[PDB]
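One structure is given below, encoded as structure tokens.
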Amino acid sequence: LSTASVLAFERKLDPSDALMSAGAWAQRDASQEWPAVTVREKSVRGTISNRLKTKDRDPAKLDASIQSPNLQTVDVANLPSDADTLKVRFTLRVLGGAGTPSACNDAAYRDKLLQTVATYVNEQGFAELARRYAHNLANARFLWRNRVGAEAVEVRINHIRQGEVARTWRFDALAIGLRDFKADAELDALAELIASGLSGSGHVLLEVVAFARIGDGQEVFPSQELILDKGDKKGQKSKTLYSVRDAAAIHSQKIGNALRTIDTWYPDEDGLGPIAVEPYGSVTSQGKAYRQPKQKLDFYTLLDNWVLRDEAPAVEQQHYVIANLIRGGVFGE
Amino acid sequence: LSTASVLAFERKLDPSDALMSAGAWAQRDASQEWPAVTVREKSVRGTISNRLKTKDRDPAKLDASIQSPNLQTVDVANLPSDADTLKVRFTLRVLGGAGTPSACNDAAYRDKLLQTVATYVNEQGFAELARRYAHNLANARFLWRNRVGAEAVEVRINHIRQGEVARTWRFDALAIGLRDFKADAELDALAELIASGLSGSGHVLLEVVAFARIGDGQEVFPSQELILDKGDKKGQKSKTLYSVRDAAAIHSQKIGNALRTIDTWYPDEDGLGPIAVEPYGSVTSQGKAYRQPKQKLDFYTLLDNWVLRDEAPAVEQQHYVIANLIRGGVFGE
Amino acid sequence: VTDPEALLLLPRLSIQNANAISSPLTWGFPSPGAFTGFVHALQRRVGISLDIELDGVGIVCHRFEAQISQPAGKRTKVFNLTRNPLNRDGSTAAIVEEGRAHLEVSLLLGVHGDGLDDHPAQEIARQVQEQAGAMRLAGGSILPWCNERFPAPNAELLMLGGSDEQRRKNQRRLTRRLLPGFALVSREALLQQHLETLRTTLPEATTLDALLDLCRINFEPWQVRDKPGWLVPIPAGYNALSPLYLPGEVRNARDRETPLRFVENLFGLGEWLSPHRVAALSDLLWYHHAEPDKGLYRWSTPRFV
DNA sequence: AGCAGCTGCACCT
DNA sequence: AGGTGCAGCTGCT
RNA sequence: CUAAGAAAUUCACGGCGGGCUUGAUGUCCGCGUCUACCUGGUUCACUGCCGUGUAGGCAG
């Protein structure tokens, strides 16, 4: 028995693009007609602040570079001067049926994998994973830089059963930290709903709205696009922000990456905090791979030891493997 | 007698390119001015997630590969943020005269083929194949990934005889599963209609519209294009969705492949579900060919045993070869 | 060669997945031989049973939509393909490139037989429409009726009937239904004229049909040498590479009851024009004729200017 | 008493 | 996201 | 009798870090817009009465 040649997993926990709108705090219950945060342009005169090559550290060349500065156009998004609260809204569907791949070659490999995940579900439910997902919804981690230095963050989560709301959760997202996973009754009820969605025993659709009290006219941070070339035929536009229908918006993969920031079992440390679940669980902001393949704690070696050779790892690493299965991806040769 | 050197069956069950649109649930009766779902672009930045070679498990090399960003441009298609229902509409014409090939070099072989399929219609009608095609139109199998995890799917089929609607069918596509084949009076009436269209007793025209209740602003999945790479050149857009006049669409052959998923008589198993009918019946998702030529259950040897050798196979294998006749093809040496 | 007694108008034919390449040199609109074969199969299917003959096609191409893409670092274009099913060993398939397209075209068909004699015009038009709503045109399916409820019925128009001024008024009111699209004609005379005035430098013929339909940028005596119309390459027809062959003597024929030959494509120049620029609406009818003593098997549109 | 197929291998730029 | 052939091969008789 | 006849692309993803664009300015001289017309084309389908009536008529 060997691993399959092609083997692919569709994602559970599908979010949408989060849209931004603006309003005043304590009108946030009437925040259905709040106007969108629009993306504008402004001019930026760039100074000289890079490290020099020290073949270019001659003072005459430096002053000649300072005398002629370069200029860009830059997309920017601010709150209005009369509104102090950013509202960010998206929808998230929890699907279930996490072990089944969407593509496979070997029948014996997918049957061994299916009974492996069946034994995992029978040992413990999705309660740890859904507890951590509900925590990452409770604290507003999906506000990436908009949460930083906010005065008050409040998350409203609506389980939507038919076209109307079935249940409502209200969270103070600054009390629920970004560091540890506590216990709370409403948080455990949300975790039970997410675990019921992940187990295939229901169809879970939630609407997540987050209100951050930042200040009047302050800068908000939508998702940022990719610029390949830049010339004078444009405005020397050097920064593009993502937008859905003239609304500053966040990419769906950004919200998804902030949802699955649950991995506290990586071997290097635990005082740093959780990271996102990746094969060779890596942080682009730190340029580093936790769970290196030289240690036996990346996703691929753990999966191959669990399925092929029946070496079941510790329950923390089993949580990590099933989290990587819910995350989805292309796993094969 | 021998096989003709050319053999060419024109396809029946011609579908159209299914166009997508969006709106709210319980407005689906007035869903004629529903706006089209459009294809946007966005940027993705990923990490290293695939399997590394055993020579490339070096941790310094892994960190040095991580510290170079991985950026793609991706075509995406979403629902609007105030619509939760995807509407997929296509037209399907049934022609009839399922026996006659478009080309046959041997005259006596085509006469033996014509009386063979004539005797097949005389033995029983198309009602097995017609009931299975009406099942695949009843459950929304043509919603390929859009059906997965949907809240409520609902199919409306309008038979149009003249310029106006002759008859209407209304189905809850989630009650009708994808595994078994039931019997229902409306479903059997549609089966009679498509059987009479297949028998050459008319030219049936159908308009099929499927409403899936996914969620507000969620992602839909149209067809993807085939772009062969410009290898020694710049990087390309790494996903391209199909669109007909700025409306996200599913390919015609994708709907056709979803329609003829009727074959529950392949020898390997019977609980894995129906597959699409083709000679050496092979699914691309499993990557493995059922109905191998080393067993005598593929299309070519069954056709040669029924026509040339006059060994009539079992009634489900006659159903299989009749479905391969309706499917069409270019057969010969 | 034969002036039609009447014209039938296939009003707005939408076609999905039609063949785009249609030639080893062109890739755009399909060849006119496809439309001539369409009306010959239509005459075989419903034309014979009505004491009607059909002779030619006029084509106007209301809209075009090719399934192509430009590969992001080049100025050329590639075709979008389909995923064929797997081989019998389940490995993969062999990629053969085909070019699909979407078309909106109208057809002008000439009639000589007992048109208004045996049957009225409305029933003839309706059953020819019903016959053409069950076949395929150029490798791609005729897309059936959708929420276009207006453009359904045809107009069987008698050519020489009525007064000559009334003839011009009814052909103008039929041209009023052919406004958005641009009709297609053959331009062999313009090809030979430019071939003769180019032969003052060098005697080559394919280099003419190269130089006729590109953007020639001539230096300052920066200008662009321009033709007054929309000159395109077309597959002009077939010229035989072989003598005649009996129905049995070649293996793997389409039928053992019809003679066979090996052929090559002759290429010529066509032209897209506005339909108001032609005064006689029977000038646009593409006839295909055989000269079987040699290989010259032609589609053109004679009696046009 | 062979036959036909069949799989597999190799070529090659 | 190759066509080809042919050497060898299996074989059971 | 149509370079005919046949076809599933597809699974997954964090683009963000930061910035002073500034100084200075005379828009201005001159000019013939005229001649001639039916708003009615039934153009206000109204107001009130007898009659249980919306059925039917009346009076100005």
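Each chain of the structure tokens is named A, B, ... in the order shown, its residues numbered from 1; ligands are numbered from 1 in display order.
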
(request) After a least-squares fit of chain B on chain A across every C-alpha pair in order, what's the RMSD, to one decimal? (result) 1.2 Å

(message) Can you pull out the residues contacting residue 16 in chain C? Cut-off 6 Å, using only C-alpha atoms (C1' of nucleotides), and skip same-chain residues under 3 positions away; I want them as a ChimeraX atom specification.
(response) /C:102,140-141

Would you save the residues from that selection as a compact mmCIF listing (two decimals), in the first residue's frame, using N, CA and C atoms?
```txt
# COMPACT_ATOMS: atom_id res chain seq x y z
N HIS C 102 -18.89 30.77 -31.16
CA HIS C 102 -20.33 31.00 -31.09
C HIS C 102 -20.71 32.01 -32.17
N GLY C 140 -21.13 22.64 -35.09
CA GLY C 140 -21.69 23.04 -33.82
C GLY C 140 -23.20 23.08 -33.90
N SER C 141 -23.83 22.86 -32.75
CA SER C 141 -25.28 22.72 -32.69
C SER C 141 -25.98 24.04 -32.97
```

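In chain E, the set of residues within 12 Å of chain C (atoms considered: only C-alpha atoms (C1' of nucleotides)) is residues 1, 2 and 3 of chain E.
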
(request) Just the residues within 12 Å of residue 127 in chain C, please, counting only C-alpha atoms (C1' of nucleotides), with nothing from its chain fewer than 6 positions along; format it as JSON, numbers by chain. (result) {"C": [8, 10, 42, 45, 46, 47, 49, 50, 119, 120, 121, 133, 134, 153, 154]}

Restricting the output to C-alpha atoms, write the selected residues as a compact mmCIF listing (two decimals), in the first residue's frame.
```
# COMPACT_ATOMS: atom_id res chain seq x y z
CA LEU C 8 -36.41 32.42 -47.69
CA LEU C 10 -33.55 32.03 -41.77
CA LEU C 42 -31.77 20.84 -45.89
CA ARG C 45 -34.19 16.48 -45.74
CA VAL C 46 -37.21 18.72 -46.35
CA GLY C 47 -36.59 20.35 -49.72
CA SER C 49 -40.64 16.49 -50.29
CA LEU C 50 -42.15 19.93 -51.11
CA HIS C 119 -48.21 25.30 -50.64
CA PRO C 120 -48.55 28.77 -49.12
CA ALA C 121 -45.38 30.54 -48.06
CA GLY C 133 -34.19 23.42 -35.64
CA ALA C 134 -33.05 19.80 -35.39
CA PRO C 153 -40.88 33.51 -38.10
CA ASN C 154 -39.35 33.70 -41.55
```

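The gap separating CA of residue 85 in chain C from CA of residue 281 in chain B is 9.2 Å, in Å to one decimal.
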
Check: which chain B residues lie within 12 Å of chain E using only C-alpha atoms (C1' of nucleotides), as a PDB file with C-alpha atoms, in the first residue's frame:
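That gives us part.pdb:
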```pdb
ATOM      1  CA  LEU B 226      -8.000  24.896 -21.072  1.00  0.00           C
ATOM      2  CA  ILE B 227      -4.946  27.082 -21.620  1.00  0.00           C
ATOM      3  CA  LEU B 228      -1.720  25.391 -22.652  1.00  0.00           C
ATOM      4  CA  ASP B 229       1.313  27.077 -21.148  1.00  0.00           C
TER       5      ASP B 229
END
```

(message) With DSSP run on the backbone, what are the strand (DSSP E) residues within range 100-219 of chain C? I'd like them as a ChimeraX atom specification.
(response) /C:100-111,157-158,183-186,216-218

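The space between CA of residue 37 in chain C and CA of residue 112 in chain C spans 18.1 Å.
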
(request) Find the residues of chain B in contact range of chain C, meaning any atom within 7 Å when counting only C-alpha atoms, and list them as a ChimeraX atom specification. (result) /B:5-6,16,95,103-106,163,225-227,230,233-234,236,280,282,284,287-289

Residues as selected, N, CA, C and O atoms, written as a compact mmCIF listing (two decimals), in the first residue's frame, can you do that?
```txt
# COMPACT_ATOMS: atom_id res chain seq x y z
N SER B 5 -15.78 0.15 -41.70
CA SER B 5 -14.49 0.77 -41.45
C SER B 5 -14.65 2.16 -40.86
O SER B 5 -13.81 2.61 -40.08
N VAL B 6 -15.74 2.84 -41.20
CA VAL B 6 -16.14 4.07 -40.54
C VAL B 6 -17.44 3.81 -39.80
O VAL B 6 -18.26 2.99 -40.23
N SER B 16 -27.29 23.23 -24.05
CA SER B 16 -26.71 24.54 -24.29
C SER B 16 -25.70 24.87 -23.20
O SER B 16 -25.60 24.17 -22.19
N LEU B 95 -33.64 14.91 -30.17
CA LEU B 95 -33.83 14.83 -31.61
C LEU B 95 -34.57 13.58 -32.05
O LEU B 95 -35.59 13.67 -32.75
N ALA B 103 -22.42 8.01 -40.58
CA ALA B 103 -21.53 7.47 -41.59
C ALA B 103 -21.37 5.98 -41.34
O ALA B 103 -21.16 5.56 -40.20
N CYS B 104 -21.47 5.20 -42.41
CA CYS B 104 -21.25 3.76 -42.35
C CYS B 104 -20.76 3.29 -43.71
O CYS B 104 -21.45 3.49 -44.71
N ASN B 105 -19.58 2.68 -43.74
CA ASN B 105 -19.01 2.24 -45.01
C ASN B 105 -19.70 0.98 -45.52
O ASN B 105 -19.91 0.82 -46.72
N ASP B 106 -20.06 0.08 -44.61
CA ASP B 106 -20.71 -1.17 -44.97
C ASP B 106 -22.22 -0.98 -44.95
O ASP B 106 -22.79 -0.52 -43.96
N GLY B 163 -43.94 28.39 -29.66
CA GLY B 163 -43.27 29.52 -29.04
C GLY B 163 -43.60 29.75 -27.58
O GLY B 163 -42.89 30.50 -26.91
N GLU B 225 -11.39 27.04 -18.29
CA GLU B 225 -10.88 26.92 -19.64
C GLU B 225 -9.63 26.05 -19.66
O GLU B 225 -9.02 25.79 -18.63
N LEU B 226 -9.25 25.61 -20.85
CA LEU B 226 -8.00 24.90 -21.07
C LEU B 226 -7.02 25.82 -21.77
O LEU B 226 -7.21 26.14 -22.95
N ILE B 227 -5.98 26.23 -21.07
CA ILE B 227 -4.95 27.08 -21.62
C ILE B 227 -3.64 26.32 -21.52
O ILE B 227 -3.18 26.01 -20.41
N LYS B 230 2.58 28.96 -21.98
CA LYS B 230 3.68 29.63 -22.68
C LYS B 230 4.91 29.50 -21.79
O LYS B 230 5.23 30.37 -20.98
N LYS B 233 8.26 31.90 -21.10
CA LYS B 233 7.71 33.23 -21.22
C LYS B 233 7.27 33.69 -19.84
O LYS B 233 7.65 33.10 -18.83
N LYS B 234 6.46 34.74 -19.81
CA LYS B 234 5.99 35.32 -18.56
C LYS B 234 4.98 34.40 -17.89
O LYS B 234 4.43 33.48 -18.50
N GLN B 236 1.48 33.25 -16.28
CA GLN B 236 0.13 33.41 -16.78
C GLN B 236 -0.86 33.52 -15.63
O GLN B 236 -0.53 33.31 -14.46
N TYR B 280 -15.18 1.77 -22.92
CA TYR B 280 -14.26 1.56 -21.80
C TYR B 280 -14.54 2.57 -20.69
O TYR B 280 -13.77 3.50 -20.48
N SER B 282 -14.85 5.08 -18.27
CA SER B 282 -13.72 5.57 -17.50
C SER B 282 -14.04 6.95 -16.97
O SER B 282 -14.35 7.86 -17.74
N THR B 284 -12.83 10.37 -15.11
CA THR B 284 -11.60 11.15 -14.97
C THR B 284 -11.28 11.44 -13.52
O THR B 284 -10.11 11.63 -13.18
N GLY B 287 -9.78 8.36 -12.28
CA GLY B 287 -8.62 8.09 -13.11
C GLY B 287 -8.46 6.64 -13.50
O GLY B 287 -7.37 6.24 -13.91
N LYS B 288 -9.52 5.85 -13.41
CA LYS B 288 -9.45 4.42 -13.60
C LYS B 288 -10.60 3.97 -14.49
O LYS B 288 -11.74 4.41 -14.30
N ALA B 289 -10.30 3.10 -15.44
CA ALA B 289 -11.26 2.68 -16.45
C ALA B 289 -12.00 1.45 -15.96
O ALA B 289 -11.44 0.35 -15.90
```

(message) DSSP on the backbone: which residues in range 7-103 of chain C end up as alpha helix (DSSP H)? Give the answer as number ranges by chain.
(response) C: 32-42

(message) Quick check: residues of chain A within 7 Å of chain F, only C-alpha atoms (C1' of nucleotides), returned as a ChimeraX atom specification.
(response) /A:8-10,44-47,224-226,253-254,257,328-330

Closest atom pairs, residues of chain C within 8 Å of chain F, only C-alpha atoms (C1' of nucleotides), as CSV:
```
residue,atom,partner,partner_atom,distance
C:22,CA,F:3,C1',5.7
C:23,CA,F:3,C1',6.6
C:33,CA,F:2,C1',7.0
C:34,CA,F:2,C1',4.2
C:35,CA,F:2,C1',6.5
C:36,CA,F:2,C1',7.3
C:37,CA,F:2,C1',4.4
C:38,CA,F:2,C1',5.2
C:40,CA,F:1,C1',6.8
C:41,CA,F:1,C1',4.8
C:44,CA,F:1,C1',7.3
C:82,CA,F:7,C1',7.0
C:83,CA,F:9,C1',6.2
C:84,CA,F:7,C1',4.5
C:85,CA,F:7,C1',6.4
C:137,CA,F:2,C1',6.2
C:138,CA,F:2,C1',5.6
C:139,CA,F:4,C1',7.1
```

(request) Find the spatial neighbours of residue 57 in chain C, counting only C-alpha atoms (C1' of nucleotides), within a cut-off of 12 Å - ignore same-chain residues fewer than 5 positions away - and output them as an NGL selection string. (result) :C and (4 or 7-10 or 32-40 or 42 or 105-111 or 183-185 or 281-288 or 299-302)

Sorted by chain and rising residue number, which residues of chain B lie within 6 Å of chain A, and what are their closest atom pairs and distances in Å to one decimal, counting only C-alpha atoms, as a tab-separated table?
```
residue	atom	partner	partner_atom	distance
B:43	CA	A:225	CA	5.7
B:49	CA	A:279	CA	5.5
B:57	CA	A:293	CA	5.9
B:63	CA	A:288	CA	5.4
B:67	CA	A:287	CA	5.1
B:149	CA	A:95	CA	5.7
B:217	CA	A:16	CA	5.9
B:218	CA	A:16	CA	5.2
B:285	CA	A:103	CA	5.4
B:286	CA	A:105	CA	5.3
B:287	CA	A:105	CA	5.8
```

(message) What's around residue 84 in chain A at 9 Å? Count only C-alpha atoms (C1' of nucleotides), leave out sequence neighbours fewer than 4 positions away in its own chain, and write the answer as number ranges by chain.
(response) A: 22-25, 79-80, 212-218
